[PDB]
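In the block that follows, a single chain appears as structure tokens, in the form deposited without the ligand.
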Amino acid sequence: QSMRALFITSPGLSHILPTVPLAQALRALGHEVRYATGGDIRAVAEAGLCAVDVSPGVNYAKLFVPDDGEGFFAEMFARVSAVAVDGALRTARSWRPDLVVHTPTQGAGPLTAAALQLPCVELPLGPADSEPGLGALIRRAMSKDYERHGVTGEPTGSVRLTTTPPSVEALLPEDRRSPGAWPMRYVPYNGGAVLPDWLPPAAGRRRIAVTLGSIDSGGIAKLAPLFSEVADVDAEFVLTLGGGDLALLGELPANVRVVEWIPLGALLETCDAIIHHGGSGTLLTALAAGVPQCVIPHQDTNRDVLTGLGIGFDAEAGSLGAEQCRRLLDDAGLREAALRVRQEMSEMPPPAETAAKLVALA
């Protein structure tokens, strides 16, 4: 009795990655998994899974922002989802899944689910993604697509998963939170790697991970002040580039490492604290690691989550220095709170457990 799960996701890397542990879990149970997506589809392949490119060649940039309230953005997500609908449906009809897994904004997901009269499972990337008015709006904005394929029905089942721990949930606004969602442990995934030599920690040697952000803080230069001080801090700093950005590395202070992309979860497992730019992937991964955090803001959400839980704080790039670093390293309060949420997350069912329930539902 081999079940089949079709994963229909937004084309964005950050939307795909958090679906991977679940997909992986279903396979571990002996079931069949396939993705129907476009865009950053290579990520699926790089996770040891199989994907069908439902929109080959399509330029996504110009779909999100063509050359020319809730309503505008629903229309945007609709345009983007639309180009995936045909391929999603072909694939479903030939592969015949028992279950559609999708991401909040990928409208092709529920469409496909309804069209094959299948239950669907919504997997968000984090506390932000969690907005169920939008799904409805996207469906509305995609009415012609539903019409074109004669989809007039509803998914039989509609399960929502959250990887958001209860205490973080508590701090979200009321309409922005999701009761009746199934809890699932957030298992960080960012890709595999051959791990560098320097990764293993040294004898009683602390370490601070520092992430980055494409554009505006954001950028390697805005980190110039913090650099003027890190020499005075009794810890190693590891600045990780993202995939895709290029760095020209010259002279550095004796305890700053600037480094090619590395899996964050692997990195944070050796770190005492993190300085980052508020990525939803970054926050939850860091929560999982039980590591105090500092956020350089541009996503007020994550700001409040941090201060709210007593897990960290926000700092302006141009003010960031030793003081903040020392606080992250030495403040017992921040530490205790971090470990507390880590504990909380670890009591949530792992993807394996959630996989089993899904098989039961399908």
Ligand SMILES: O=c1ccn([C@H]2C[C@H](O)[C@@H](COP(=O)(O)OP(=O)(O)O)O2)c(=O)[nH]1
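Here, rigid core means the biggest group of C-alpha atoms that superpose within 1.5 Å across both forms. Sequential numbering from 1, following the sequence displayed.
From this point on, the text means the form solved in complex with the ligand, which you will not see here.
The stretch among 79-87, 132-140, 152-160, 272-280 whose residues place heavy atoms within 4.5 Å of the ligand in the bound PDB entry is 272-280. Not displayed here, the ligand is approached by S214 to within 4.5 Å at the level of heavy atoms in the bound PDB entry. With a 4.5 Å cutoff on heavy atoms, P166 does not count as touching the ligand in the bound PDB entry; it lies far away. Using a 4.5 Å cutoff between non-hydrogen atoms, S346 does not count as a contact of the ligand in the bound PDB entry.
Taking the partner from elsewhere, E147 is found to have every heavy atom lying beyond 4.5 Å of the ligand in the bound PDB entry.
Distance criterion of 4.5 Å from any heavy atom to the ligand in the bound PDB entry singles out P263 from the list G218, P225, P253, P263. Across the proposed site, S14, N190 and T240 without exception bring a heavy atom within 4.5 Å of the ligand in the bound PDB entry. Looking at 92-112, no residue comes within 4.5 Å of the ligand in the bound PDB entry, counting any heavy atom. When both forms sit on the same rigid core, the CA shifts between this form and the one not shown reach 2 angstroms or more only at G244 out of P173, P200, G180, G244. Once the cores line up, the CA of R140 ends up less than 2 angstroms apart between this form and the one not shown.
Fitting the two forms on the rigid core leaves the C-alpha of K222 displaced by at least 2 angstroms between this form and the one not shown.
Distance between the C-alpha atoms of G244 and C325: shorter by at least 3 Å in the bound PDB entry than in the displayed form. Note on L249 and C325: their C-alpha atoms are nearer in the bound PDB entry, a change of at least 3 Å from this conformation.
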